[PDB]
Amino acid sequence: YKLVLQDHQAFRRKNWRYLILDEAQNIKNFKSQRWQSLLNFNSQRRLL
DNA sequence: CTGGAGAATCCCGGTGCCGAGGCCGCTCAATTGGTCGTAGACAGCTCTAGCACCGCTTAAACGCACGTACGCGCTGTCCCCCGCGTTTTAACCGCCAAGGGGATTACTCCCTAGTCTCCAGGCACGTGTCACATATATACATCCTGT
């Protein structure tokens, strides 16, 4: 997260098949800049 | 002066993010219509500067000549910033309480301030002198001359 948060420009425009997030508690709230950064990530399937 | 690498740009096509534009709906602020004292414009009148000289005086600008001193280039070499790689660190998070701190809106109200008088005293103007600058008698005062 300390990385994808600010490099989302390169990852957002990608055709991910499975999106996996370990320790999803970092996305506990939608006011933390990660929930937003990771929300619109183009992916087919999502796993928390 | 080329190669020969080697990074750096930099085309160029791609793709969502989000500001730019547009549309809707009221509010308010510019228009309309009309009345009403000024602003200032314009037509004189005055007389103050502004301009235009002219002469005499001489400071000053000026050209020249003539060094010296400062300017520029050169040189040497020697410090202190540049380039770049590593360790450090501060700047971003995210967290976890529970509520206010303060611009913003609004309504009475009421002191303060405009407006508009009439005055009269205090400050622009005319005039009286006094401090500094100016130009001239003067009582000796230094060469010149009869003697």
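Residues numbered from 1 in each chain as written, not as in the entry; some residues may be left out. Chains lettered and ligands numbered in written order. Part of a larger assembly, values for the part shown. Heavy atoms only, no water.

- Method-wise, the PDB entry is recorded as coming from cryo-EM, at a reported resolution of 3.2 Å.

## Here's the deal with the packing of aromatic side chains
Reasoning step 1: Enumeration according to the criterion identifies two aromatic pairs in this entry.
Reasoning step 2: Measuring from centroid to centroid gives 6.0 Å for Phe11 and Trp16, while their planes differ by 15°, and the two rings are stacked.
Reasoning step 3: Of the residues examined, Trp16 reaches a relative accessible area of 31% and is grouped as partly exposed. (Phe/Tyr/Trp six-rings, centres within 6.5 Å; stacked < 30°, edge-to-face > 60°. Buried < 20%, exposed > 50% of the residue type's maximum accessible area, 1.4 Å probe, protein only.)

## Some remarks on a nonpolar patch on the surface
Reasoning step 1: Residues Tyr18, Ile20 and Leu47 make up a contiguous nonpolar surface patch of roughly 330 Å² in combined accessible area.
Reasoning step 2: For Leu47, the position within the fold is in strand β2 (residues 43-47). (Patch = residues over 30% accessible without salt bridge, like charges linked within 9 Å, V, L, I, M, F, W, Y side chains within 5 Å. Areas by Shrake-Rupley, 256 points an atom, 1.4 Å probe, with all protein chains shown as cover. Salt bridge = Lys/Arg side-chain N within 4 Å of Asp/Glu carboxyl O. Helix = DSSP H or I, 4+ residues; strand = E, 2+ residues; numbered from the N terminus.)

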